[PDB]
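As structure tokens, one chain now follows by itself in the form deposited in one PDB entry.
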């Protein structure tokens, strides 16, 4: 379990940087966990050189997913981590059982053979529906008429739902419309607020403070690396999975009374990873000369991923009802932790340190 989590950990920072390079000016967001996991599948069918490269990319033993997969989906109640990763091939291609035995074994998921050959526009609907069913109906039409063709061969789709009430919800009566500073730009945002205790990590060394806003029973938590004063460029350079792990896990990050200002925000992203992965070192799995002989005797033609998040006075897409609210403002110093400028933020399964979501917020720009 502690070997895979590092893999993701790295794959994450990398995937991030890449995505960044293109959009040095966008809000980056994705589920590193929902991608390695989904890419693991094909991988568990990628032999020879197609693998040697995939391994390099995802940073690669195999039970690390079964072990984490249940951990999360099994109960680890108090947060819902519904995900949908599958492999759709044409009715024509041939599946070599061992693969089925294994996918079913670790990934409680079976590759579905579909008819792309003469029911492209239909197969699609079928897919976009499975997604819809597996995500609690929050992810609509994942694939577009342009994403499914008769030329299509292997489509790996990977989405993921996610609900979690914060541990200690904010009071809406306190959310005021403040300005999210971007020295020349600035726009407004419903800025949540509360005074409480959170593990914080300060350090003038790299000029940035870190806070851990824990979800229920602190199973999963959100971490916000906020640069003392996009202003993020320097902090993202120093960014490593090493430094992140030494930090969040650091015995130097401790509970502190804090006046918290957290922009009630929201991000959703869809990513056609083909170009991205090709560029990161995964190339051969897309040529017709793919060594996917692990499952058949064909190449990935697409990979559509799609995650989202919506921080609010409850955490994320939460079924709420905070019936009884009874705060006791009582009396008498504070670490003002105002999150009113570009920041980094990720969500983790603290137990296992697996980063599930990761992102950068810096643009309310509509």
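Numbering follows the first chain given and starts at 1. Definition used throughout: the rigid core is the maximal C-alpha set that superposes within 1.5 Å between two forms.
Not on display, but discussed next: the form deposited with a partner chain bound.
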property: Of 81, 143, 102, 114, the one that lies within 4.5 Å of the partner chain in the entry with it bound (heavy atoms); result: 81
property: Contacting member of 172, 257, 168, 203, with respect to the partner chain in the entry with it bound [4.5 Å, heavy atom]; result: 257
property: Stretch in contact in the entry with it bound with the partner chain, which is absent here, among 281-289, 129-137, 114-122, 239-247 (heavy atoms within 4.5 Å); result: 239-247
property: Every residue of 55, 156 and 293 near the partner chain in the entry with it bound, heavy atom within 4.5 Å; result: no
property: Non-hydrogen atom contact residue 271 with the partner chain in the entry with it bound at 4.5 angstroms; result: no
property: Interface membership of residue 60, the partner chain in the entry with it bound, 4.5 Å heavy atom rule; result: no
property: 4.5 Å heavy atom contact, residue 30 to the partner chain in the entry with it bound; result: yes
property: Exercise: residue 276 in contact with the partner chain in the entry with it bound, heavy atom 4.5 Å; result: no
property: Listed options 277, 192, 87, 210; Cα moving by 2 angstroms or more between the shown form and the other one (core superposition); result: 87
property: Rigid core fit then residue 115 CA moved by 2 Å or more between the shown form and the other one; result: yes
property: Displaced residue check between the shown form and the other one: residue 245, CA, 2 Å or over, core reference; result: no
property: Per-residue C-alpha change between the shown form and the other one, residue 153, threshold 2 Å, rigid core fit; result: yes
property: Inter-Cα distance between residue 273 and residue 85 in the entry with it bound, nearer or further [3 Å or more]; result: farther
property: Comparison of CA distance in the entry with it bound with shown form for residue 320, residue 193, at least 3 Å; result: farther
